[PDB]
Amino acid sequence: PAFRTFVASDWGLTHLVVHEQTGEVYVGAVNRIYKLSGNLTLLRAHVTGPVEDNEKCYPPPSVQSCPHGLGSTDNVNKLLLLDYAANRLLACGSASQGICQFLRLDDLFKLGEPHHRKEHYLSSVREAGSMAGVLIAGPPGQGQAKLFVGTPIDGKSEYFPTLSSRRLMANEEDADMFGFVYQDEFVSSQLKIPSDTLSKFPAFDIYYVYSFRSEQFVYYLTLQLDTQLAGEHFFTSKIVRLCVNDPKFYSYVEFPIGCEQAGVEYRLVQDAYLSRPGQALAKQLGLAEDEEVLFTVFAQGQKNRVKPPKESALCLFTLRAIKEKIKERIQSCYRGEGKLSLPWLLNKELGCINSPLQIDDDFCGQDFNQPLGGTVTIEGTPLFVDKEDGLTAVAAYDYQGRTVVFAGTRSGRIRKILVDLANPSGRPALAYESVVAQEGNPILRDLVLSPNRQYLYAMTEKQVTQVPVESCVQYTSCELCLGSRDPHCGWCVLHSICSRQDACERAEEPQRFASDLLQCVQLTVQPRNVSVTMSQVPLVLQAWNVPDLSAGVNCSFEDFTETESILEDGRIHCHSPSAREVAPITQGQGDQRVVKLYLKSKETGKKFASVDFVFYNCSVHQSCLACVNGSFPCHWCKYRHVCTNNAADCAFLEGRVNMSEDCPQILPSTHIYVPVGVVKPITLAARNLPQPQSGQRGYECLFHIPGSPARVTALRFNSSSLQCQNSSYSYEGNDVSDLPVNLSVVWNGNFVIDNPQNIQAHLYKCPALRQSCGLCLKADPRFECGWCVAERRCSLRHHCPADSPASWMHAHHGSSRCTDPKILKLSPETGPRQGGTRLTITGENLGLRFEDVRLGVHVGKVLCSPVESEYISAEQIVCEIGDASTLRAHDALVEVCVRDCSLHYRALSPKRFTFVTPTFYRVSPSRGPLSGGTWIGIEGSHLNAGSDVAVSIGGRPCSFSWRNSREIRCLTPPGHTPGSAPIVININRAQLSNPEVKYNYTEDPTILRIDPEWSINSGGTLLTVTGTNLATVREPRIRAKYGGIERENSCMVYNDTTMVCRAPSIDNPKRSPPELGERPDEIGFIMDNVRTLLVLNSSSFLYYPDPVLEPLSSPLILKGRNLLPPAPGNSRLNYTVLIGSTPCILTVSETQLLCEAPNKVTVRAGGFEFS
Ligand SMILES: *[C@@H]1O[C@H](CO)[C@@H](O[C@@H]2O[C@H](CO)[C@@H](O[C@@H]3O[C@H](CO[C@H]4O[C@H](CO[C@H]5O[C@H](CO)[C@@H](O)[C@H](O)[C@@H]5O)[C@@H](O)[C@H](O[C@H]5O[C@H](CO)[C@@H](O)[C@H](O)[C@@H]5O)[C@@H]4O)[C@@H](O)[C@H](O[C@H]4O[C@H](CO)[C@@H](O)[C@H](O)[C@@H]4O)[C@@H]3O)[C@H](O)[C@H]2NC(C)=O)[C@H](O)[C@H]1NC(C)=O
Ligand SMILES: *[C@H]1O[C@H](CO)[C@@H](O[C@@H]2O[C@H](CO)[C@@H](O[C@@H]3O[C@H](CO[C@H]4O[C@H](CO[C@H]5O[C@H](CO)[C@@H](O)[C@H](O)[C@@H]5O)[C@@H](O)[C@H](O[C@H]5O[C@H](CO)[C@@H](O)[C@H](O)[C@@H]5O)[C@@H]4O)[C@@H](O)[C@H](O[C@H]4O[C@H](CO)[C@@H](O)[C@H](O)[C@@H]4O)[C@@H]3O)[C@H](O)[C@H]2NC(C)=O)[C@H](O)[C@H]1NC(C)=O
Ligand SMILES: *[C@@H]1O[C@H](CO)[C@@H](O[C@@H]2O[C@H](CO)[C@@H](O[C@@H]3O[C@H](CO[C@H]4O[C@H](CO)[C@@H](O)[C@H](O[C@H]5O[C@H](CO)[C@@H](O)[C@H](O)[C@@H]5O)[C@@H]4O)[C@@H](O)[C@H](O)[C@@H]3O)[C@H](O)[C@H]2NC(C)=O)[C@H](O)[C@H]1NC(C)=O
Ligand SMILES: *[C@@H]1O[C@H](CO)[C@@H](O[C@@H]2O[C@H](CO)[C@@H](O[C@@H]3O[C@H](CO[C@H]4O[C@H](CO)[C@@H](O)[C@H](O[C@H]5O[C@H](CO)[C@@H](O)[C@H](O)[C@@H]5O)[C@@H]4O)[C@@H](O)[C@H](O)[C@@H]3O)[C@H](O)[C@H]2NC(C)=O)[C@H](O)[C@H]1NC(C)=O
Ligand SMILES: *[C@@H]1O[C@H](CO)[C@@H](O[C@@H]2O[C@H](CO)[C@@H](O[C@@H]3O[C@H](CO)[C@@H](O)[C@H](O[C@H]4O[C@H](CO)[C@@H](O)[C@H](O)[C@@H]4O)[C@@H]3O)[C@H](O)[C@H]2NC(C)=O)[C@H](O)[C@H]1NC(C)=O
Ligand SMILES: *[C@@H]1O[C@H](CO)[C@@H](O[C@@H]2O[C@H](CO)[C@@H](O[C@@H]3O[C@H](CO)[C@@H](O)[C@H](O[C@H]4O[C@H](CO)[C@@H](O)[C@H](O)[C@@H]4O)[C@@H]3O)[C@H](O)[C@H]2NC(C)=O)[C@H](O)[C@H]1NC(C)=O
Ligand SMILES: *[C@@H]1O[C@H](CO)[C@@H](O[C@@H]2O[C@H](CO)[C@@H](O[C@@H]3O[C@H](CO)[C@@H](O)[C@H](O)[C@@H]3O)[C@H](O)[C@H]2NC(C)=O)[C@H](O)[C@H]1NC(C)=O
Ligand SMILES: *[C@@H]1O[C@H](CO)[C@@H](O[C@@H]2O[C@H](CO)[C@@H](O[C@@H]3O[C@H](CO)[C@@H](O)[C@H](O)[C@@H]3O)[C@H](O)[C@H]2NC(C)=O)[C@H](O)[C@H]1NC(C)=O
Ligand SMILES: *[C@@H]1O[C@H](CO)[C@@H](O)[C@H](O)[C@H]1NC(C)=O
Ligand SMILES: *[C@@H]1O[C@H](CO)[C@@H](O)[C@H](O)[C@H]1NC(C)=O
């Protein structure tokens, strides 16, 4: 669907209203007033606009000449009011001291526009919507039509009244128009701004936002100025009221109004809307039918009425409660208590006069205690609060009891709120949000429901938009329909659509319309699963929450088929489709097809209720396991080797598989070891192996070796054992010793028996991976592969000659010492004398158990204890060295004795392990910031010793980087308190100290001033920076974030207070700085871990754009644009014009360069060059 819309072709719009009979929509705008159809087609356009005029002029140029210069100005529609009684439209403008227009209702024919007298002028004010009011009428001949109207004044106190009661004559040409209801030389039916109050508070003014007639009164929601809150302007939002039948204007009342949400103040009205609550909200808010209610919108605080805050709150007032606050306040002043308290009106405070009276809601004011104010600000019940997108407008309405609220947003969005405080729920909940002018055109206060209350016309600055109160048809499913909750929506069961009660035919009948999710259609089928091979199966259907279907029903499995059904009890009986029909579906989807079986109602002819219905196909299973041990009833035929639903389709009786444990499958034995190039048989076990039948061949073993696949015929001995015949196997590579290979056991050529455990054959070669005795006896005892002394290589007994009865050696259980251990290399080459070092020895022909190498390892004399977990048998020993303090030697060779220190079974390291004692004497900054992050350079001797290193400053750990013989470099942690700190370095079990070498933590540096407060796009200019403790950071640098890019540049520290910095380049091909200048997203300095200096909140640093230069005894003159920027202070570019290498003395001007020449020319300024 699309939202019906009227676009504002040229100008902004201001007001909208709907005619209660026709549904015609009238639209006030700047310079225009439109009549529109219900669907927002243009019907008629009135020009009201651009008028030659001037605001300063009293009576406008028409009546008297004005000395002030006139110009073509825009006429803003300030107000718009439907006068149904006199078949017309009051269309009050501005820009003529506020003269009012009368347009005829059905064609916009100007009936009248009075502007001779002073009353025909309303206000100079050129602001839209700061005005409001109501039209009230009696029958012709009686007390005639009146207009109550508030407007701002702009300080023109003596020209215009802010609030007035004015006359509406039947003749638009009649001069009496907009004259006051009762005028006297003492009191007139108007209320003026006192001159004394404008002298005191310069630009006090009353802005009227909303207005409505209620019972017998007239209310206004207003904004005023600081008068007990010269200074600055802060506003107070108030309610005003009058009796309709009070020509004297004595009934005037004025209470401050707002509401609070968790200690946050909302005191600025943006809009309101008087309404009903309907049965729902009325009851639990405690009201009678015709009792009224006022929805409102407030912004946070009391700041900036011209441009309010995003923070906004929708509150609520019951009029009975405001009526009680006013009655309570009047029955209080008629007790003589306190003053009237109305700052702007009465400057000197007159007192409350006591008197005996029957104070009623019918009270219309009296002569003494006069116009009066309000002390107790009236608090409202909060409903919904937007924090990211400010509310702008509101409306509400009664729907079948439930109270729907409409809320415009600054974004151009409308919210559809059920108010549920009086309703069961925890608090009033948003139901739905909708889009009007998505780009961010705000919605305006004038937001009216249609007469039929089917739509809601939503006005923006630039477009009117017909938003339906209901569009439930976007909801596809009963479950989503009633899930949205926006109360207009119900599921019209038999039409399978989502819409309102009045739109669902026959909804009034039983179960035909669903309103709570529990009413949703629930369906079940008895035979949920039906086989492809079956046909016309009887199915029973149970359905609940469904109307009387005695109209008739069909079953449609999808848009493929449709079978007739008959009704009995609370059940529906229909048949499955034919095999001829079923397969057209299942073809392609294989294993199974889940299909949504619907019910098609005869009355509607639309599918409404559904179920998961399964069409299973046994035949497509191509193995016993899939067939039986699947999820379905399927039978496997051992002999035909096919899966099917029918027992009889099997070969014969004794070949039917119904149980998964009875399947043809290969069972595992202890691993199948196969040496390459050796004639071997491979016996297998299995279960229920078939006797090959008529015209059927015997068994084979197929080996899936990528290099060569071997086909070897086999013999089936019984239902439980196989054997491939004497053969040898190979693969071409010599790359991997142990290759596991997929084998498939076949019979009758292509029938592959099932392999559940996926049993493999391991093809092993005698080592192409092991040229060391220790490596062979290390590998599987299964391979049978062993080490053969004489050859100096390793192969089976098979492949090695027995010249001695013990010439071929195999690790019996691992009780096999391996001759000639050798050490290749060992890590840490150095270590501390104290020990604790983890020595990492890597050899080739070591022992095969740990408990033999344990006790074997020694470093010269020093006993070394080996580690279990970190020991990799006969390749690697990890060993922990003991205390070597007592050793005389400085360095010693490493020794391993395999089990016994026998003369052939000992290894000695090729180069020797060195003992030292590392020392340190200097640190290369000795100072650094408390936050830390300083690159420290500890100098000493033997610093690269051992395994682990840990540096601790104040007990807190340093982040390590790299190690050297002479240097340790690490990054400092944050210090607890500033000053001297101990440096503790521990290498393994050695903990070395020096109290003469300390580290001094320094108070965090500060940045005060950058001097020039600017630079160009490519940067590179000098910046004279000032602050504190700047010598405590060795390498500080400037940081700047422009757009999505972050960039850095260098600094040179001079004093503890002074620093020269080279400005960061922000060169971005996406954004260029404007001629005016631009602040970066972030600007700061990188100083170790002091992170508060990375981002500068107070900084006003600006970036200007990068010079334009024109090419080809008298002096040189070089012309061009952008030579000098509009920069603060003196600060300008240090230009240098050079010739081959010689610089000149030049005076720089804004368009020209005055170099001096004696007769290849290069101009330089920072990092800029041009020829
Ligand atoms: C439920 O699902 C089943 C199974 O998924 C399915 O039945 C299939 O129906 C379609 C028809 O649309 C068949 O597909 C066509 O096959 C045409 C030729 O079929 C020959 O080859 C068959 C395949 O042999 C394979 O499977 C066996 C066992 O697993 C395996 O050992 C082999 O190595 C091999 O991989 C073979 O089964 C078939 O023999 C059947 O028919 C005879 C006579 O009725 C019967 O006695 C046998 O018992 C057996 O059922 C036959 O020899 C072929 O023309 C065609 O291929 C063309 O089109 C495609 C697509 O456009 C191209 O890609 C291709 O290049 C060709 O141009 C097509 O593939 C399929 O064979 C059936 N499946 C089986 C197992 O028979 C049904 O949809 C469902 N059942 C019902 C009742 O609805
Ligand atoms: C640690 O060292 C740092 C830096 O190394 C040092 O900071 C400077 O200290 C020197 C003195 O040692 C000061 O220089 C003196 O300035 C006297 C006149 O000041 C005027 O001129 C200043 C320099 O102009 C240069 O820089 C500008 C801007 O970069 C540039 O446009 C020019 O082309 C020119 O190269 C100028 O900055 C200064 O403006 C300051 O004051 C204003 C207003 O109060 C303020 O708003 C600014 O923020 C700015 O600070 C002003 O216009 C000058 O008389 C004096 O010359 C005497 O001394 C020399 C050498 O000893 C003698 O030969 C000679 O006979 C004179 O007696 C000298 O040139 C300079 O002011 C300091 N800089 C700053 C930024 O304050 C710190 O003092 C040292 N810190 C500590 C703690 O010891
Ligand atoms: C395929 O569709 C079928 C629709 O028929 C689904 O079958 C139903 O499956 C559920 C469980 O998945 C069963 O519910 C259970 O009922 C148990 C009691 O079972 C007895 O009572 C059954 C009805 O009164 C009766 O059918 C059943 O007899 C069965 O077993 C006999 C012996 O093996 C056999 O000879 C008969 O032919 C028959 O199959 C028992 O006497 C109860 O203990 C459980 O707690 C559970 O509630 C339904 O009973 C099944 N319906 C039928 C008609 O058998 C099936 O789920 C679908 N398959 C898949 C994979 O989804
Ligand atoms: C570890 O580092 C800190 C910080 O860098 C070292 O303290 C600094 O020592 C240097 C020496 O180079 C001082 O500079 C000298 O200051 C002498 C006079 O000091 C007074 O005047 C200072 C500047 O006007 C003033 O800050 C300081 O007051 C400080 O101490 C007060 C009492 O403890 C304290 O309440 C204040 O807040 C303030 O921190 C002195 O009154 C002067 O004779 C020299 O001419 C030279 O300028 C710095 O002032 C010291 N800076 C700081 C921040 O304390 C400390 O010595 C280092 N530790 C070791 C063991 O070396
Ligand atoms: C101005 O606004 C009016 C309404 O404010 C509007 O005119 C209406 O149009 C609707 C359809 O948008 C019409 O309603 C129809 O009523 C007849 C019965 O007389 C039905 O047959 C119609 O049903 C059809 O449409 C259904 C929904 O699309 C289909 O499901 C169905 O199959 C039918 O095809 C439909 O309910 C109606 O005629 C008028 N309203 C009135 C009161 O006459 C119009 O959009 C706007 N016109 C202009 C000129 O701007
Ligand atoms: C509920 O179910 C009933 C029964 O299951 C079902 O009745 C079906 O009605 C249609 C008519 O709408 C029958 O189809 C006809 O059969 C003749 C042969 O006897 C065909 O020649 C016709 O097919 C032509 O028209 C089709 C549609 O335009 C074309 O697709 C086709 O090319 C032909 O030109 C004719 O339609 C059908 O036989 C029965 N079904 C069965 C199983 O007999 C009905 O749809 C449902 N009832 C209601 C009230 O909706
Ligand atoms: C099905 O047939 C299989 C294979 O033909 C039979 O497995 C065989 O079981 C016999 C025991 O009778 C094993 O014989 C043994 O051999 C060793 C020789 O090293 C000998 O020392 C023992 O005295 C014993 O005779 C034989 O290894 C094994 N066959 C193969 C090929 O490994 C099985 O008995 C039959 N199963 C049923 C249920 O009938
Ligand atoms: C040797 O056999 C193994 C195991 O049988 C093969 O590896 C894997 O084979 C399985 C089949 O069981 C594949 O699994 C598949 O996974 C998908 C997941 O989407 C599933 O939909 C299928 O039903 C199936 O189970 C798996 O892809 C495959 N592994 C790899 C990495 O491809 C292996 O292919 C055989 N070796 C050689 C050399 O052929
Ligand atoms: C077969 O079913 C068994 C028992 O339910 C289960 O343990 C196993 O996962 C299934 N195996 C296969 C291969 O489907
Ligand atoms: C081949 O297998 C047969 C039967 O298992 C056996 O008698 C013979 O020893 C095997 N021959 C060789 C060379 O391995």
# chains A, B, ... in the order shown; residues from 1 in each chain; ligands from 1
>>> residues_near_ligand(ligand="ligand 2", cutoff="9 Å", atoms="only C-alpha atoms and all ligand atoms", output="ChimeraX atom specification")
/A:1009-1012,1022-1026,1053-1060,1130-1132
>>> residues_around(residues="residue 10 in chain A", least_positions_apart="6", cutoff="12 Å", atoms="only C-alpha atoms", output="NGL selection string")
:A and (29-32 or 461-463)
>>> write_last_selection(atoms="N, CA and C atoms", output="CSV table (one decimal), in the first residue's frame")
chain,number,residue,atom,x,y,z
A,29,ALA,N,-1.5,27.9,5.2
A,29,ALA,CA,0.0,28.0,4.9
A,29,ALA,C,0.4,29.5,4.8
A,30,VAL,N,1.8,29.6,4.7
A,30,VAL,CA,2.3,30.9,4.3
A,30,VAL,C,1.9,31.3,2.9
A,31,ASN,N,1.2,32.4,2.8
A,31,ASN,CA,0.8,32.9,1.4
A,31,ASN,C,-0.3,32.1,0.7
A,32,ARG,N,-0.7,31.0,1.3
A,32,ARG,CA,-1.7,30.1,0.7
A,32,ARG,C,-2.7,29.5,1.8
A,461,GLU,N,5.9,20.5,7.8
A,461,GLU,CA,6.3,21.7,7.2
A,461,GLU,C,6.0,21.7,5.7
A,462,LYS,N,6.1,20.6,5.0
A,462,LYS,CA,6.0,20.5,3.6
A,462,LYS,C,5.1,19.5,3.0
A,463,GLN,N,4.3,18.8,3.8
A,463,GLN,CA,3.3,17.8,3.3
A,463,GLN,C,2.3,17.4,4.3
>>> residues_near_ligand(ligand="ligand 7", cutoff="12 Å", atoms="only C-alpha atoms and all ligand atoms", output="number ranges by chain")
A: 669, 681-689, 714-725
>>> write_last_selection(atoms="N, CA and C atoms", output="compact mmCIF listing (two decimals), in the first residue's frame")
# COMPACT_ATOMS: atom_id res chain seq x y z
N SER A 669 37.54 -54.91 14.18
CA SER A 669 38.51 -55.67 14.95
C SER A 669 39.60 -54.68 15.36
N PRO A 681 47.06 -61.31 3.88
CA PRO A 681 45.61 -61.44 3.92
C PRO A 681 45.02 -60.51 4.98
N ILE A 682 43.78 -60.09 4.76
CA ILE A 682 43.12 -59.16 5.67
C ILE A 682 41.78 -59.75 6.10
N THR A 683 41.80 -60.46 7.22
CA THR A 683 40.58 -61.07 7.73
C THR A 683 39.69 -59.99 8.33
N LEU A 684 38.40 -60.08 8.05
CA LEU A 684 37.41 -59.17 8.61
C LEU A 684 36.31 -59.93 9.32
N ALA A 685 35.69 -59.28 10.30
CA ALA A 685 34.43 -59.76 10.86
C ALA A 685 33.32 -58.79 10.45
N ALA A 686 32.07 -59.24 10.57
CA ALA A 686 30.90 -58.46 10.19
C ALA A 686 29.64 -59.15 10.71
N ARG A 687 28.47 -58.72 10.22
CA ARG A 687 27.20 -59.38 10.58
C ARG A 687 26.21 -59.45 9.45
N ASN A 688 25.39 -60.51 9.49
CA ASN A 688 24.34 -60.77 8.51
C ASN A 688 24.74 -60.50 7.05
N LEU A 689 25.91 -61.02 6.68
CA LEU A 689 26.39 -60.99 5.30
C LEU A 689 25.54 -61.93 4.44
N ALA A 714 37.40 -61.60 -2.61
CA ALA A 714 37.39 -62.15 -1.26
C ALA A 714 36.46 -63.34 -1.13
N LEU A 715 36.48 -63.97 0.04
CA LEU A 715 35.63 -65.12 0.33
C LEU A 715 34.77 -64.87 1.55
N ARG A 716 33.46 -65.03 1.40
CA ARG A 716 32.57 -64.91 2.55
C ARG A 716 32.40 -66.27 3.20
N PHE A 717 32.95 -66.41 4.40
CA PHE A 717 33.00 -67.70 5.06
C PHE A 717 31.68 -68.08 5.69
N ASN A 718 31.06 -67.10 6.33
CA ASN A 718 29.73 -67.25 6.89
C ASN A 718 29.13 -65.88 7.01
N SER A 719 27.96 -65.80 7.64
CA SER A 719 27.25 -64.53 7.79
C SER A 719 28.04 -63.50 8.59
N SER A 720 29.23 -63.88 9.08
CA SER A 720 29.97 -63.07 10.06
C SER A 720 31.49 -62.86 9.86
N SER A 721 32.05 -63.29 8.73
CA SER A 721 33.50 -63.12 8.48
C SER A 721 33.89 -63.09 7.00
N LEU A 722 34.82 -62.20 6.66
CA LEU A 722 35.34 -62.07 5.29
C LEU A 722 36.86 -62.19 5.26
N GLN A 723 37.45 -62.12 4.07
CA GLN A 723 38.92 -62.14 3.91
C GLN A 723 39.37 -61.85 2.48
N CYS A 724 40.03 -60.71 2.29
CA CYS A 724 40.64 -60.39 1.00
C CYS A 724 41.90 -61.23 0.86
N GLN A 725 42.17 -61.69 -0.35
CA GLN A 725 43.24 -62.67 -0.56
C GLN A 725 44.64 -62.08 -0.67
>>> residues_near_ligand(ligand="ligand 3", cutoff="6 Å", atoms="only C-alpha atoms and all ligand atoms", output="PyMOL selection string")
chain A and resi 526-529+631-632
>>> write_last_selection(atoms="N, CA and C atoms", output="PDB file, in the first residue's frame")
ATOM      1  N   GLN A 526      -4.554 -36.873  12.157  1.00  0.00           N
ATOM      2  CA  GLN A 526      -4.254 -38.159  12.794  1.00  0.00           C
ATOM      3  C   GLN A 526      -3.114 -38.906  12.098  1.00  0.00           C
ATOM      4  N   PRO A 527      -3.264 -39.217  10.793  1.00  0.00           N
ATOM      5  CA  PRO A 527      -2.123 -39.811  10.099  1.00  0.00           C
ATOM      6  C   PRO A 527      -1.178 -38.735   9.546  1.00  0.00           C
ATOM      7  N   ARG A 528      -0.360 -38.158  10.431  1.00  0.00           N
ATOM      8  CA  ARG A 528       0.554 -37.057  10.089  1.00  0.00           C
ATOM      9  C   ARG A 528       1.526 -37.444   8.982  1.00  0.00           C
ATOM     10  N   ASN A 529       1.954 -38.706   9.025  1.00  0.00           N
ATOM     11  CA  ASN A 529       2.947 -39.244   8.110  1.00  0.00           C
ATOM     12  C   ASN A 529       2.326 -40.280   7.186  1.00  0.00           C
ATOM     13  N   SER A 631      14.242 -42.405  10.895  1.00  0.00           N
ATOM     14  CA  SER A 631      13.183 -41.875  11.738  1.00  0.00           C
ATOM     15  C   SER A 631      11.821 -42.483  11.422  1.00  0.00           C
ATOM     16  N   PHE A 632      11.755 -43.276  10.360  1.00  0.00           N
ATOM     17  CA  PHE A 632      10.471 -43.725   9.837  1.00  0.00           C
ATOM     18  C   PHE A 632      10.252 -45.237   9.877  1.00  0.00           C
TER      19      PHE A 632
END
>>> residues_near_ligand(ligand="ligand 8", cutoff="12 Å", atoms="only C-alpha atoms and all ligand atoms", output="count of residues only")
23
>>> closest_residue(among="A:624, A:981, A:103, A:763", to="ligand 9", atoms="only C-alpha atoms and all ligand atoms")
A:624
>>> residues_near_ligand(ligand="ligand 4", cutoff="12 Å", atoms="only C-alpha atoms and all ligand atoms", output="number ranges by chain")
A: 926-930, 977-982, 996-1006, 1028-1033, 1055-1057
>>> residues_near_ligand(ligand="ligand 6", cutoff="7 Å", atoms="only C-alpha atoms and all ligand atoms", output="count of residues only")
5
>>> select_by_dssp(residues="range 357-443 of chain A", states="strand (DSSP E)", output="count of residues only")
36
>>> residues_near_ligand(ligand="ligand 5", cutoff="8 Å", atoms="only C-alpha atoms and all ligand atoms", output="list in words")
residues 37, 38, 39, 40 and 41 of chain A
>>> write_last_selection(atoms="N, CA and C atoms", output="PDB file, in the first residue's frame")
ATOM      1  N   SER A  37      -9.636  17.417  -0.803  1.00  0.00           N
ATOM      2  CA  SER A  37     -10.593  16.324  -0.639  1.00  0.00           C
ATOM      3  C   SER A  37     -10.121  15.400   0.467  1.00  0.00           C
ATOM      4  N   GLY A  38     -10.992  14.475   0.866  1.00  0.00           N
ATOM      5  CA  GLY A  38     -10.679  13.500   1.911  1.00  0.00           C
ATOM      6  C   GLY A  38      -9.442  12.654   1.649  1.00  0.00           C
ATOM      7  N   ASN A  39      -9.126  12.459   0.373  1.00  0.00           N
ATOM      8  CA  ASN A  39      -7.964  11.681  -0.019  1.00  0.00           C
ATOM      9  C   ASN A  39      -6.818  12.585  -0.458  1.00  0.00           C
ATOM     10  N   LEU A  40      -6.952  13.869  -0.126  1.00  0.00           N
ATOM     11  CA  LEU A  40      -5.887  14.876  -0.264  1.00  0.00           C
ATOM     12  C   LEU A  40      -5.563  15.332  -1.690  1.00  0.00           C
ATOM     13  N   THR A  41      -6.566  15.290  -2.558  1.00  0.00           N
ATOM     14  CA  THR A  41      -6.458  15.915  -3.869  1.00  0.00           C
ATOM     15  C   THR A  41      -6.717  17.402  -3.664  1.00  0.00           C
TER      16      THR A  41
END
>>> residues_around(residues="range 810-818 of chain A", least_positions_apart="6", cutoff="9 Å", atoms="only C-alpha atoms", output="PyMOL selection string")
chain A and resi 773-774+776-778+781+784-788+845-849+898-899+905
>>> closest_residue(among="A:1112, A:726, A:446, A:392", to="ligand 10", atoms="only C-alpha atoms and all ligand atoms")
A:726
>>> select_by_dssp(residues="range 391-586 of chain A", states="alpha helix (DSSP H)", output="list in words")
residues 478, 479, 480, 481, 482, 483, 484, 579, 580, 581, 582, 583, 584, 585 and 586 of chain A
>>> closest_residue(among="A:1, A:114, A:832, A:664", to="residue 751 in chain A", atoms="only C-alpha atoms")
A:664
>>> residues_around(residues="residue 828 in chain A", least_positions_apart="6", cutoff="10 Å", atoms="only C-alpha atoms", output="NGL selection string")
:A and (837-841 or 913-914 or 944-948)
>>> write_last_selection(atoms="C-alpha atoms", output="tab-separated table (two decimals), in the first residue's frame")
chain	number	residue	atom	x	y	z
A	837	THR	CA	65.93	-22.56	34.86
A	838	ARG	CA	63.86	-24.70	32.53
A	839	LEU	CA	66.43	-26.32	30.20
A	840	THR	CA	64.94	-27.41	26.86
A	841	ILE	CA	67.09	-30.26	25.41
A	913	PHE	CA	75.60	-24.23	29.04
A	914	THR	CA	76.83	-21.01	30.68
A	944	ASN	CA	69.64	-12.26	28.11
A	945	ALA	CA	70.16	-15.24	30.44
A	946	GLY	CA	67.74	-18.08	31.22
A	947	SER	CA	64.12	-18.56	30.19
A	948	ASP	CA	61.51	-16.27	31.79
>>> closest_atom_pairs(of="chain A", to="ligand 1", cutoff="10 Å", atoms="only C-alpha atoms and all ligand atoms", output="Markdown table")
| residue | atom | partner | partner_atom_place_in_ligand_line | distance |
| --- | --- | --- | --- | --- |
| A:531 | CA | ligand 1 | 82 (C) | 9.6 |
| A:532 | CA | ligand 1 | 83 (O) | 6.2 |
| A:533 | CA | ligand 1 | 82 (C) | 6.0 |
| A:534 | CA | ligand 1 | 82 (C) | 9.5 |
| A:579 | CA | ligand 1 | 83 (O) | 7.5 |
| A:580 | CA | ligand 1 | 83 (O) | 8.4 |
| A:581 | CA | ligand 1 | 83 (O) | 9.3 |
| A:582 | CA | ligand 1 | 83 (O) | 7.3 |
| A:583 | CA | ligand 1 | 83 (O) | 4.2 |
| A:584 | CA | ligand 1 | 83 (O) | 7.3 |
| A:585 | CA | ligand 1 | 83 (O) | 8.6 |
| A:586 | CA | ligand 1 | 78 (O) | 6.2 |
| A:587 | CA | ligand 1 | 78 (O) | 4.2 |
| A:588 | CA | ligand 1 | 78 (O) | 6.5 |
| A:589 | CA | ligand 1 | 78 (O) | 8.3 |
| A:590 | CA | ligand 1 | 5 (O) | 5.5 |
| A:591 | CA | ligand 1 | 2 (O) | 7.4 |
| A:592 | CA | ligand 1 | 1 (C) | 8.8 |
| A:616 | CA | ligand 1 | 1 (C) | 8.4 |
| A:617 | CA | ligand 1 | 1 (C) | 5.0 |
| A:618 | CA | ligand 1 | 1 (C) | 7.4 |
| A:619 | CA | ligand 1 | 4 (C) | 5.7 |
| A:620 | CA | ligand 1 | 4 (C) | 4.1 |
| A:621 | CA | ligand 1 | 4 (C) | 7.8 |
| A:622 | CA | ligand 1 | 29 (O) | 5.4 |
| A:623 | CA | ligand 1 | 29 (O) | 8.5 |
| A:640 | CA | ligand 1 | 48 (O) | 9.1 |
| A:641 | CA | ligand 1 | 28 (C) | 8.4 |
| A:642 | CA | ligand 1 | 28 (C) | 7.7 |
| A:643 | CA | ligand 1 | 75 (C) | 9.6 |
| A:749 | CA | ligand 1 | 31 (O) | 9.4 |
| A:750 | CA | ligand 1 | 31 (O) | 6.2 |
| A:751 | CA | ligand 1 | 31 (O) | 6.6 |
| A:752 | CA | ligand 1 | 31 (O) | 8.7 |
